[PDB]
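Peer 1: Next up is a structure, given as structure tokens.
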Ligand SMILES: [Cl-]
Ligand SMILES: [Cl-]
Ligand SMILES: [Mg+2]
């Protein structure tokens, strides 16, 4: 209750990522704002360490599901907001088909008035001339469903989904996602029935930005529960 | 500048490192109380397990929080360069082993004191005390000897860090340091003096990541 009330208006967002893929270290900082009531957010990310060693699209899912629109009839299933402001730890394993793997750990929490997503990413076993290290992925994104289930023993949740990245030669690069979320605080949280998030992402560029960057507009809505 | 340190000041430390080709990152946060010469910080290895021992990074990871007693206020270069800050550069030579070369910018960003560092580790022995992780997780007390560098409108420092080795011996790390103001505002150039440093390393029992908890007491001395 005290959680969801933090999201009734427009909330400033800060994203920070430290990454290491096949021994290539990099950092990303992002800034923007989110409208959870409508399930919309806008962010601009900058590579603070030069040119990214991996394609921007491979980082989209890593780079705040508390901004998902949970319609009124599903309010009892919003784990993400209920964990606020103390927040939650989000851990993922991302397996790129016929290629390497990302392991990520993020803390999503309020720092003052700002919703912060602070991430550690490690990637291993990527192929030098594969789609990722070879930068062969198109600068766009498809819509996906994120399937969520309660992880009661861990007072948290799990999720599974498959990302489809368009490849410049017309092929498709699959990225299998496993996700788990655990509260940072020791207070009670909502543990949901099985459901999913429907996500759309629009990638663009800032014409006035000289640094390697990504502009992102996201739409997310929760579903998978029959209405009455 | 000194007016910025009369209370408790939030601290952010960010390190990008590369030792013998192994890149890593460290992020620390905490607070400083310069009136009492006290630092409290927790550092996280954000790229996973470090390739070097935590104690070898302590000196690299905000001497503006040193307690300068009232009779030495005119010798506090570090605070006088704030808020625009200073560049701190070091060469750290580990006895019979490799070398750290570091460049940091220390400055206020808003109300937070930020220490942002590039470290490069050169020519370390694969199974020496550093890359072979043979150093104890503790830290000794040292003197940091400071002199003015009038030509660089800044200061120089030198000192020798004593790292306890697992075999009961001591590994020396010779530090040479240069500090230069970032901005054009006037700064205080000190008479020769030193900092007395004391540190305690510990762990957070609830922290699963590779990390270091640090508590420090630093005072200025060497003048009657
Ligand atoms: Cl100690
Ligand atoms: Cl000494
Ligand atoms: Mg960094």
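Chains as they are written, first to last, in my numbering: chain A, 1 to 228; chain B, 1001 to 1224.
For every residue, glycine included, the Cβ atom is placed at its ideal position computed from N, Cα and C.
Can you list every residue whose CB sits closer than 7 angstroms to some heavy atom of ligand 1, going in chain order?
Peer 2: The set of residues whose C-beta lies within less than 7 angstroms of a heavy atom of ligand 1 reads, in chain order, B:1138, B:1139, B:1199, B:1200, B:1201.
Peer 1: Only counting runs of 3 or more residues, tell me where the beta strand (DSSP E) segments fall wholly within the segment 1082 to 1166 of chain B, in order along the chain.
Peer 2: 1086 to 1094, 1099 to 1109, 1112 to 1122, 1142 to 1149, 1154 to 1164
Peer 1: By Cβ distance below 8 angstroms, which residues in the same chain neighbour residue 49 of chain A in space, the five residues on each side in sequence not counted?
Peer 2: 25, 26, 27
Peer 1: Do residue 142 of chain A and residue 118 of chain A have their C-beta atoms closer together than 8 angstroms?
Peer 2: no
Peer 1: Please confirm if residue 1016 of chain B has its CB atom under 8 angstroms from at least one CB of chain A.
Peer 2: yes
Peer 1: Kindly indicate which residue of A:2, A:4, A:74 has the alpha-carbon position closest to the one of residue 192 of chain A.
Peer 2: A:74
Peer 1: Counting Cβ pairs closer than 8 angstroms, one from the segment 197 to 204 of chain A and one from the segment 1043 to 1058 of chain B, do we hit at least three?
Peer 2: Taking one beta carbon from each stretch, the segment 197 to 204 of chain A and the segment 1043 to 1058 of chain B have fewer than 3 pairs nearer than 8 angstroms; the two do not touch.
Peer 1: Apart from the five residues on each side of it in sequence, which residues of its chain come closer than 7 angstroms, Cβ to Cβ, to residue 1040 of chain B?
Peer 2: 1030, 1031, 1215
Peer 1: Classify residue 121 of chain A: buried if its beta carbon has 16 or more other beta carbons within 10 angstroms, exposed otherwise.
Peer 2: buried
Peer 1: Throw me the rounded Cβ distance for the residue 233 of chain A and residue 94 of chain A pair, which I believe falls under 8 angstroms.
Peer 2: Summary: the structure shown does not reach residue 233 of chain A, with chain A confined to residues 1 through 228, and so no result is reported for it.
Peer 1: Would residue 92 of chain A and residue 101 of chain A be called neighbours here (beta carbons separated by less than 8 angstroms)?
Peer 2: no
Peer 1: Evaluate residue 1079 of chain B with the Cβ neighbour count: other Cβ atoms within 10 Å of its Cβ, from every protein chain shown; 16 or more gives buried, anything less gives exposed.
Peer 2: buried
Peer 1: Shorter than 8 angstroms from the beta carbon of residue 25 of chain A to some beta carbon of chain B?
Peer 2: yes
Peer 1: Closest by CA to residue 1114 of chain B, which one among B:1088, B:1097, B:1123?
Peer 2: B:1088
Peer 1: Given a cut-off of 8 angstroms on the beta-carbon distance, is the pair residue 1192 of chain B and residue 1154 of chain B in contact?
Peer 2: No, Cβ-Cβ distance for residue 1192 of chain B and residue 1154 of chain B is not below 8 angstroms.
Peer 1: At the level of alpha carbons, what is the spacing between residue 1160 of chain B and residue 1086 of chain B?
Peer 2: Going by the C-alpha atoms only, they are around 22 angstroms apart.
Peer 1: Let me make sure I understand the geometry here. Which of A:66, A:11, A:148, A:44 has the alpha-carbon closest to that of residue 209 of chain A?
Peer 2: A:44
Peer 1: What does residue 154 of chain A touch in chain B if you count any residue whose Cβ is under 7 angstroms from its own?
Peer 2: Under the 7 angstroms cutoff, chain B gives no residues; its nearest Cβ is about 14 angstroms from residue 154 of chain A.
Peer 1: So which of B:1112, B:1121, B:1137, B:1130 has the shortest CA-CA distance to residue 1083 of chain B?
Peer 2: B:1112
Peer 1: Against residue 1048 of chain B, what residues of chain A qualify as contacts under a CB-to-CB distance less than 7 angstroms, listed in chain order?
Peer 2: 122
Peer 1: Is residue 26 of chain A near ligand 2, with its Cβ less than 7 angstroms from a heavy atom?
Peer 2: No - ligand 2 has no heavy atom lying nearer than 7 angstroms to the Cβ of residue 26 of chain A.
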